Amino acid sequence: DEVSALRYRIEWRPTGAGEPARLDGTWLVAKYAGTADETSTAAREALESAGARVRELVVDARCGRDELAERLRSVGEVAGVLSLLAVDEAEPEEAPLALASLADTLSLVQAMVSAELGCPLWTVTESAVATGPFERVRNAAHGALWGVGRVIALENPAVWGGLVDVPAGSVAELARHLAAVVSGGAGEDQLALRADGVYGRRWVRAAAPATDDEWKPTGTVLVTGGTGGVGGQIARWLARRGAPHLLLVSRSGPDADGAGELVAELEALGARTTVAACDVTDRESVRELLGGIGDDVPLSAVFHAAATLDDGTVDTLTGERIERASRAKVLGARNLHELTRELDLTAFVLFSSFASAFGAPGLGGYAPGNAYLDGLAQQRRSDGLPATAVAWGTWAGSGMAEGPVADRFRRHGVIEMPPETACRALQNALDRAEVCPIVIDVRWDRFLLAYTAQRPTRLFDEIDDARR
């Protein structure tokens, strides 16, 4: 089954370090002024009890890489740095990726590289991930740290220690495992600490939709980025599924290239299609769009494919840059979320990416926005609302023209999927109500060699094909 070999999901399996062998040297604890004091004290005593001197580094919000580079050069020799920037962090207004902890995490990493400390950075987050459906993601933006983090580990393994999540407001777990985590031979760099043990992030193959639950499109289905490559294939699938009415949105709208043939193609499949110009980053524009939907054909589902790729190295990335470039995906999602929350939707699908599922060099700026969607989908489900964040691999029938990039991808273990097949995996994911399904064609032989090129990983320990 070509549709069952593309299905994966993220699970958190119990695990441990493996003899911490205590510590040795001085450790720096990065934190904002008068913030995460309780957690800092916990980390200090924990690290010190392991035989290591602990000094703190008070960071000024959005200070920049330069300031931190000068300061890290006078600190002397450092064994490692523990970041608490994302701990006890407020969740005010502005854009979600405007988070100070994201901007400063990048600055600390860049600063450590320039100062040439030669030590790894370990970042702590609070309820940024969920080990199970019963746990709620506190702020979906904190997941962006995990998304960019996975890329940084691939681009500069020496400076990146790993990511550790703990229950918000709790310091017990950290004080008990931090020592082993930072000095373990397991190689775990993506962990979640809970009152009931330590868990590691793992990829696992998904089963099959052995349920009578079959998602069907009704009323009006809205597709953002509907006139784009992937959006257009989704629209075709919906039409073939029997969708009565389709609303395709993009900034270009009717002026989109190929829009005419798309509409004709969709209606030729038996679906009244409408194409409108609408910038999903404009709150009022979206509202007016939703208020324009007929009463006889109420909105039943949203497919958010709107986005823009960036491409760039971590050394050239900044919190500001990332927030700016991913507005359509992030603000579009947040806007659609808050404006349709009261509607009786049967499906709310966010288009994530392999960029956040495992990450890859070059996509450090793209990974953050995709990770935000993953968390936002989990939060909706925790609140009793429908949501699916699909982490897509590459697509074959889309606008991927290729020159240097596609060829490198395929010999790296990632093959583009036929559009029709990708959509059928989505259908199966909906039928089983999977919150964050991963749909990608990966050839593990070639993949593992390219992924573990210069850094070991346990992410795929439960993958049979990756096991062999």
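One-based numbering along the sequence shown.
Comparing 140-148 with 155-163, which stretch shows the greater average C-alpha B-factor in the deposited entry? Taking the mean B-factor of the alpha carbons in each, 155-163 is higher.
For the C-alpha atoms alone, is the average B factor greater in 317-325 or in 383-391, going by the entry? Higher mean C-alpha B-factor in the PDB entry: 317-325.
Determine which member of 189, 89, 104, 374 has the highest CA B-factor, using the values in the deposited entry. The C-alpha B-factor peaks, among 189, 89, 104, 374, at 89.
Please pick out which of 29, 426, 406, 417 has the largest Cα B-factor as recorded in the entry. So the option with the highest C-alpha B-factor is 406.
When the deposited Cα B-factors of this chain's modelled residues are ordered and cut into thirds, is residue 304 in the lowest, the middle or the highest one? Bottom third by C-alpha B-factor.
Please say which third, lowest, middle or highest, residue 273 falls into when its CA temperature factor is compared across its chain. It belongs to the middle third of the chain when residues are ordered by C-alpha B-factor.
Record-listed C-alpha B factor of residue 118: chain third: Highest third, going by the recorded CA B-factors of the chain.
Which third, lowest, middle or highest, does the C-alpha temperature factor of residue 202 belong to within its own chain? Ranked within chain, residue 202 CA B lands in the lowest tercile.
Chain third (lowest, middle, highest) by recorded CA B-factor, residue given as residue 251: Lowest third.
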